[PDB]
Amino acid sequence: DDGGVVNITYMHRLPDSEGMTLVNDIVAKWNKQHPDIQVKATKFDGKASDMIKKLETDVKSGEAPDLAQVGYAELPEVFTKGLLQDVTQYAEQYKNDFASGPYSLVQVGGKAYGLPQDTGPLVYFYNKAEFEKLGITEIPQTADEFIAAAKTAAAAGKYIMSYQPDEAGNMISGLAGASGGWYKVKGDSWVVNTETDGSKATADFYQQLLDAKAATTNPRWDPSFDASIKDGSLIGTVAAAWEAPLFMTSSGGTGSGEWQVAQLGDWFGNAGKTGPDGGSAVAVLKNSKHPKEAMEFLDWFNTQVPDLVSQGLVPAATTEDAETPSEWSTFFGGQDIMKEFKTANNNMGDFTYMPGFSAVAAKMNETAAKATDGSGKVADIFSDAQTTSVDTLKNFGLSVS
């Protein structure tokens, strides 16, 4: 048996903003109950996409945590990098606490490497009051009707879409991928096609919007993006479900009581589906001496549903229903937005990510930014992702067909 006190470390990249139940306050409740398994939780300091680069560094270094947030999209990459610990015999014990889709996303080759934490379906945030003022009385459901509506808004200095070039790798892959995967293993080789009917429909949608100066072009994480909400010019956008509290904070309160959540319209060749943008597991890393207790604490942490929901998470936990925080329904015109998130989750397409997808995402972000001044075409995002996808797999020494 272990010594009397086991010490577990947990690196996460949850927001911990004002009004949320802090990860350290969640963890402190566990620590008080479990003198036998003490947990130290720290928040990664840097850009989200860089966290797994730091994990890679610290695994090699022997400074790595026992547990670390790893996106579903990142898990095949960090697996291939040798950063994870097979914890199948532990995960099996907690499987029934989690929805089965997300659980399957902590697996590589029928071995499990952690537990799922949340999901990222894409939805549509809009200010219904401001849509009314422009005579937009229904969310238009075809790309053509939407683009027409967006041109009307733009003429009044309003925008019912954002183009977020710093997020193309996560959001635009999600949108295109709603209608079909880009990556599949066929026997001995990967088959890559990032230029699906979805990818084409997606490009055409944002291309028309950009050409019409009918979508904002501020990078999502820049002060200018927040400025566009505060000032009231951005009145609609695609967002990942986990953006709800971030968006609310970014608004400074502007439009409070008028905002609404809808399902994505049929704007991206998506045919009634949505797609994933982010969503994460927590993985047990290669050199953790205490996989059992790490997973025991994790199962408890990932089932603290209201606390997780305060972080904007749409939990993978099925142990109790997630509920809309009173602050959020107030902001969102009295709406039970959590119902919309679950509807979106249940209509979300599966999407396999190749190992090395981080390079695909980073390229997509680069090619996306070129379209803002019209020197690149939006379509280029996907032709480039094709070539970067193929080259990254070959660089990993993997076979591409």
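Start at 1 and count along the sequence shown; that's the residue number.
The PDB entry reports B-factors from which the mean C-alpha value can be compared for 349-357 and 51-59; the larger average falls on 51-59. When the mean C-alpha temperature factors of 316-324 and 186-194 are read from the deposited coordinates, 186-194 comes out higher.
When the C-alpha B-factors of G279, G236, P291, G110 are ranked from the entry, the top spot goes to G110. The entry lists C-alpha B-factors for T137, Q117, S100, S310, and the highest of these is at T137. Among all modelled residues in this chain, the alpha-carbon of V123 has a temperature factor (C-alpha) in the lowest third. Among the modelled residues of its chain, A371 has a C-alpha B-factor that falls in the highest third, as given in the PDB entry. Ranked within its chain, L246 lands in the lowest third, by CA B factor from the PDB record. Per the deposited record, the Cα B-factor of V378 falls in the highest third when ranked against the other modelled residues of its chain. Ranked by C-alpha B-factor against the other modelled residues of its chain, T303 falls in the lowest third.
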